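Below: one structure, written as structure tokens.
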Amino acid sequence: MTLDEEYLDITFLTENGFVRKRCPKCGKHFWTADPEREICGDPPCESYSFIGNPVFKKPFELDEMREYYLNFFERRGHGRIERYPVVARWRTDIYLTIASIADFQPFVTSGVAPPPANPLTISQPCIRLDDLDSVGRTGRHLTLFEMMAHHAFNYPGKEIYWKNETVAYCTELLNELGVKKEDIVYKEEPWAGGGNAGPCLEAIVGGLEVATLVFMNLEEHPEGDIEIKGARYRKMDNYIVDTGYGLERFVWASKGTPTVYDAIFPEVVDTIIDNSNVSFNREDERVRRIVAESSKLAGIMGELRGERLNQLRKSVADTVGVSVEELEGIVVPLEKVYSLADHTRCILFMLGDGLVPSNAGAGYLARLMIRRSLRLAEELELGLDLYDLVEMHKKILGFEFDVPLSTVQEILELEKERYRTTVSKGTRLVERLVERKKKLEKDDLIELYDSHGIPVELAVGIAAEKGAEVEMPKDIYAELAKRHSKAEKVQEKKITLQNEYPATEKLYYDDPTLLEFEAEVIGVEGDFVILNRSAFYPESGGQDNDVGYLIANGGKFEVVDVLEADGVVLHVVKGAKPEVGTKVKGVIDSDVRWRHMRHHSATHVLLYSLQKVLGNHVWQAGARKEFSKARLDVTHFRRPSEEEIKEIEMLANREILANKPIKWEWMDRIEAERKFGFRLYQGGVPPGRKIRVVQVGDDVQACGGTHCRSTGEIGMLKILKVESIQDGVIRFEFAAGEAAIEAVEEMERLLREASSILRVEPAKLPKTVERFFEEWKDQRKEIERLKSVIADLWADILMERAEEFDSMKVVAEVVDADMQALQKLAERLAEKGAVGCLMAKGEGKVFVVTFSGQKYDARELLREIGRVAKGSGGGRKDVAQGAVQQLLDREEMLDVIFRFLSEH
Amino acid sequence: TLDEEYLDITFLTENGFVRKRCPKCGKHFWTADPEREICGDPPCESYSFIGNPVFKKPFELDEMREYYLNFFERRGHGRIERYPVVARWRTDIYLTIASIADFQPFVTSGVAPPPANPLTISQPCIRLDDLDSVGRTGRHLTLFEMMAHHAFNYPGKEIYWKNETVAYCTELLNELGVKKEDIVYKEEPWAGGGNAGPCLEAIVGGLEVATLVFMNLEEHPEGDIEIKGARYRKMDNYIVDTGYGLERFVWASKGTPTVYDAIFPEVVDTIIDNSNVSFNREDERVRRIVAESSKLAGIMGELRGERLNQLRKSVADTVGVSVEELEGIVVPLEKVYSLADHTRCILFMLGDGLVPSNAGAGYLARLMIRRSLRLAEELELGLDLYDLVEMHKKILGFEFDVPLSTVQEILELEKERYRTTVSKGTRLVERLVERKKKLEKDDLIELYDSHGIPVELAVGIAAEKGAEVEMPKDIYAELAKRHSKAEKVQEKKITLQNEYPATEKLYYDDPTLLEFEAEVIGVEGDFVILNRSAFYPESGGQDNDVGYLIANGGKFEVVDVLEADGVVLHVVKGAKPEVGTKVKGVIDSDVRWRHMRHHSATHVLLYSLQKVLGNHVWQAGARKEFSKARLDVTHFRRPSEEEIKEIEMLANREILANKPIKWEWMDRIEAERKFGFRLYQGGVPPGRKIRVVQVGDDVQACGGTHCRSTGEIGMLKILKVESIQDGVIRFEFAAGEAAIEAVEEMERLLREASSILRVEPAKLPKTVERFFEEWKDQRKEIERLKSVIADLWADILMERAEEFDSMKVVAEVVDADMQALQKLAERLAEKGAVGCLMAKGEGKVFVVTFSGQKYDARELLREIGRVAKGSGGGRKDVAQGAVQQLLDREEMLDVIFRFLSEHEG
RNA sequence: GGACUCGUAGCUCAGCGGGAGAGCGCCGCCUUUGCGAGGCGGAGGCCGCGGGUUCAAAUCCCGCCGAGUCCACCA
Ligand SMILES: C[C@H](N)C(=O)NS(=O)(=O)OC[C@H]1O[C@@H](n2cnc3c(N)ncnc32)[C@H](O)[C@@H]1O
Ligand SMILES: C[C@H](N)C(=O)NS(=O)(=O)OC[C@H]1O[C@@H](n2cnc3c(N)ncnc32)[C@H](O)[C@@H]1O
Ligand SMILES: [Zn+2]
Ligand SMILES: [Zn+2]
């Protein structure tokens, strides 16, 4: 917490004219070089002053400021570094880059690995979605921003510089930028994040935290000597300089514009206004006067949300002279504009550095920013697509990205399809639930977006439409991002049985061809046999495991599976059990190990191919080879066409044909990252100061395991099945070598045994199959017509076989048929104005049917017929249906008809 | 003319020989005496040595060779071990007919030096040309070993000529037992294999034991001299040809009745003991009857006619046996001798890799199996052909490249393949006896020709069914030879318009680099020629090395690439740079590589097929079309699916082993001695130096582009396996990106078919069978329903039919297709209805007339066919046809009435 | 290498331009005293695949596929 030394160990502040004092309400001590005046810099006590009168000696641009800051610290002794990707590929804890120091943790910060240079300087772009809700409302917060920084890594006894010389330099740069030493305030505070924390002081000028100098010394650990934000941090041996400068906030104070958005990307802001439904004009002088007051005091109203927000809103509106209900004709719509302008910029870096939208993982955070951005464009009714804004952001910044704008658009265009589609099914669920619930808690909105893909802002309108009362908390959206910001530990069942053995050697790194080894054993517990010097290949992924037997003088021992725990090897044995301390020699099954090598080599080739064919946005989620199968999972927005499938398999095997060398050797992480890039961690992140580098062609990956010497040892890659497991990811199924031939052979056998039962040539199978099929449809459609015609004719043959009575053809026959026939017949007889009835000797009781196209009632007829043959039924005027217990002869059929037909 | 060369022999004159003219055959010869022979006497001589061995001691097959072989080996000759009986090294002949044929024609034309000089070898030879004699003459064989010794002489220096040749011969004769005066030397012209020359037939004991040729002639289209139809020219290269009948040498030493009884007595004994033969070999009669029959055998061969019965009576009465009885021993023996000899020939054919076929080289082997089987039937042999062949492998004691287990499986196939054919054939003949009720030659020639049924069988069956027969014995080969046609006569290649000397291509030692740097030499039409190149001319559909040919001015391109000997051809469709400015050229990389992959993979598959199946498989053909390829090998039956599978397995095992593929120019003599005759599966390349290619293990003479290693060829996939002809099998395949695209193409056809029936690609067949079964049912149910429609329709019209003499007639225009009309009428006819029906169609109206009574319907069709101008016909009950003018019921009934009026009284 | 013949019910095949049939085999009922046959009845067909001719194709022509045979420096 508080240690007197760090506060007074500074030989610069105190000895260059700096004093500090604490105010009652804030309670925090701030170093001011102006003893005459006292300010603070936090929301409850400060307002921005520099608007109109730029504190700096000159307005600067965002790209001219990078160099001015970077070139400055370049000639002080610091080395220059290039920006890291906004996605955390190098670490396992988080998805996105939180800080500039987040680039170096936990490997350089825990001293395990060296730094690229010491000291270093950088303009690292970060995405902080914790401050998401505060974006647009305060005018000083951004989702994506370049955090200028300059670090210095110091180990027990050595350092380039410490807090004194730099704050000095920090103060100097400002003095070289047109800022007098007294206008600067250093508010003392702690700063945490990424597992590393430490005491700091935040540089405040014009009432704006433009910089932040963190002096971190504590590493996160369950011991938790200190307690910070509920997290447990603990002191480490080495200490490190961690500084953070906001490029975004520096240009703002140079140009002296209302908000940070008008300072950085004015083109976008001005463009959004002109092509959205916002009423007011931004050029008009009347509006400009409003904006000046609206922006100069925006710092506090951002942290305020409720009726207390109106307590400041009411006060701020009157000074201008215009009502509170009219001020919100600008401040409320501008928020929607400022946010969309900023969020779009964040879309650039997210998608530009290889993020693919999904329902989970790092793709969720990508999707989230697009989803919300799409919503804001419907509240502004923008005539532009979201891509059109990105187009400006790219050219305004002048950055070069791994993922091209061609890829960016196809994603943004596919998402609006999915967004608008996932909305239609949602509203009915919303409008139904708001009537049962009648209220909306914090959890209801979070449940809405994650489960049903419905934005928060959309839910509030439908809530207001139907009377429900809704409670939107502060950081409502930041809660969404944070809850999906943790890269899950992918924790699987771990067994660490105490063997009291902390040592273990591995032998298959140098040469995978070496299939047999020689060493002593100490294995004692379980079914597992632990050997000090073993060349077996264990894995917790179920498979990719070597297999073999062991013979000594006592007998033979067979090992089916091989596992690993705490860096120590395990060998399962079913059969006899070896004696501890035996000089043994192990043998690997040649085929199984050879197969992994052939297959594993193929996997690294395929990943290269997918990247080369589709785009640079391809990264890998998982990999597993089943018995006679194998799979690879990559990031992609849509299911690949069969045109692309062919291109993939072509390229992968074109690499085989080249037979390129497959080198493996250990490299230093910093030396490795510098040489290739963060593509090196596609299959995971290996620890240690030195890692194992694998190269299969132009593909370079940290893949400790078995491989071939050349790409031609693989054989051929044939994709078996391609499907989409989830939005954003697609699963491939492939096989090479022996499994390639078998797969291909099986496809022949199907093609051969299918074309041979149609007596056609396999090359003509597609065209001949449709021919057989189209005929099968037509001849089926034909059959039901012939059956109709049989009834069409059987009717015509019964009108002739009918005697006439009162100018009406009455027919009465006994025919052999089923019930439907009698109905399908009588309906056609009554369509030709005929009257009478029919009977069928069906199994059981005699089925009867009557009919009449004339005015005579059919059911009435059946009643009379019924009491002669003992039975009854029902029906309508045109046809009738029934069943009796005895058949009736034709002559006795006629007289009943003639009797019935006469009376009416 | 020819006398000048026979008379030059100083040896004959110097060593007491003399040239006489025998007054019987009108030909000259030599003899070492005037008066000891007191012969020859009219017309020719018989055997004398039967009962009287000419040699000092009886020899054997093995004993004879080593004596003969050592004889020349110690006298300076070079011993080269025998060639296979199959013509592998030659494209002209099918099997080795003479010992000299092992060196024709490249060695015999001076292009290549002989293995050594001089030479000597007991070489196996097959002559199915002279079979008809074999079995009767008692001196002929289908297969025999021809011991020889050859000298090869160039202009200026020789090893030895005709004088020394005869001298070396007489010595071997005299050192063996026969006196110099018993030996006779007859002058006969000789030709064969493309090389001809004057010759001396050596006759001792009344038998031709040796023959030697002095090749001064070789075949040419413009030859001045003429022998056996073909033309020969004078050689500037003279070769000494000799040939000693090993089997005949052994025979004379044993003094046995027949050569058959000397070479393989055991084989002959096995047959006779288990046959239906009417006698016992041990009796005095048969020993005596045969001993004299064998003496007069040599005449009954070269002279066949009606006087054979007179000579038969001569030997019969001289041995005093009834003429029918002599046949009772002679005729069954001939079959036994032939079969015993045939089986011996069989052995070497399969053993050296001849796979029985219905055509080509393989048919030679089949034919021999056929004849062997026919004889076994007449003898009612209790053993299979394999048993007899098995003996020869032991008796002759030779080692073959082809295993004997393979041989039996080939015999069991060919035996069953015959018994299947004769059954199919016999049943056909019977069916003629009930249809033709007679047999004639036009049939009989066709029965044998296109069904393999021997002339005798048909007559035998016809007599078992008592059918008229005639057997044209001498009209057998005429119609088989009568009708012909050939399109072109000239040489294979288009002769070039202009010539330029000494071309060369460096791409042999450099397939790895495409581009070159050379200069222009000459230009002609669309094609051009340069100094040196890396372009490899295509043979067949593909194998083309395609490339863009730039200049100092502009860029040009080559479409196809061909070759003229001594000049590379580059086919272009466009402009042409003149000789003035020399140019450079480029080659397409992707196109080149695909062929190099196919080339190497072609060798690889052949290597696989041998290992998987057997040594009996040889490449009989190979070529490729882009995205495809083919390779033909000799195998008796289309492989089982497992065999094809493992072949594909083994092939892909070899692509991963990554065996280096070396390649180097070698001379002929050293090339074939080190490897084996597998070298000439690719072809027979003319020239002194030969480009050989070592692909992993297998080595061939390939002048085509190749790969550095078997890893560059990529995956190999057999596309299709069809049996071209029984005994020859073709394999279709592809490797590299061509294999990728072919499997991808194969995958599409399956995927596509499934997306038509909306099913899993795995269930496609079992779902198709379902649809097919239903399709057959629904097609069948429509037939039943349609019959009811007609059955119902027929009754409808009978009710409203006009009555004409108690005959109800119907004439209406109905709405139904052609098949309904026809089905309708045949129902109306069955119920005695008369008239016609019509229906609107497609630029036509179908008309059907019908009659259940005496009136003829096909006549009615024309009577209504005059009215509306429509043709057609059919049976008497119904008639089908079309018309261009529809007729109203009245118009029709006006005709029906008119027709009916014609045919009553 | 050059030709010839044949693809039709499970099998052997006839029909060879206008109704797809016979023999044997298969399912059933009838007669028998002559155990196995006889009598009567029925199911079982892309008439090899694909184009051309004709009003009409199992049928005539062309091509492919498959099953066969002879001849042969003639081919
Ligand atoms: C240096 C330390 N690792 C750190 O990250 N400090 S910080 O969290 O305060 O951020 C560093 C600098 O970036 C800027 N910054 C921080 N959060 C920001 C946000 N949500 N939007 C825009 N800029 C921000 C501030 O100017 C700040 O001084
Ligand atoms: C070698 C010479 N070019 C040549 O062909 N000579 S020849 O045709 O006359 O036959 C060579 C020798 O082999 C033997 N021979 C030839 N034809 C034979 C046959 N059909 N059966 C057995 N022996 C034969 C004869 O003894 C003959 O002298
Ligand atoms: Zn891997
Ligand atoms: Zn070759």
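To match Swiss-Prot, the residue numbers of chain B are left as they are there, and the shown ones run 2-906.
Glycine is no exception: its Cβ is also placed from the backbone N, Cα and C atoms.
For B:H600, B:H604, B:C703, B:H707, the entry in Swiss-Prot reads Zn(2+) binding site.
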Tertiary neighbours of B:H600 (Zn(2+) binding site) (same chain, Cβ under 8 Å, six or more apart):
B:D544, B:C703, B:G705, B:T706, B:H707, B:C708
Quick one: which residues besides B:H600, B:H604, B:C703, B:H707 have a Cβ within 8 Å of the Zn(2+) site's Cβ centroid, in sequence order?
B:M597, B:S601, B:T603, B:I662, B:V694, B:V696, B:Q701, B:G705, B:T706, B:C708
Among the binding-site residues listed here (B:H604, B:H707), identify the one with the smallest other-Cβ count within 10 Å.
B:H707
Three states by DSSP: which one describes B:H600 (Zn(2+) binding site)?
helix
Using all protein chains in view, find how many other C-beta atoms are within 10 Å of the C-beta of B:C703 (Zn(2+) binding site).
22
Quick one: what's DSSP say for B:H707 (Zn(2+) binding site), helix, strand or coil?
coil
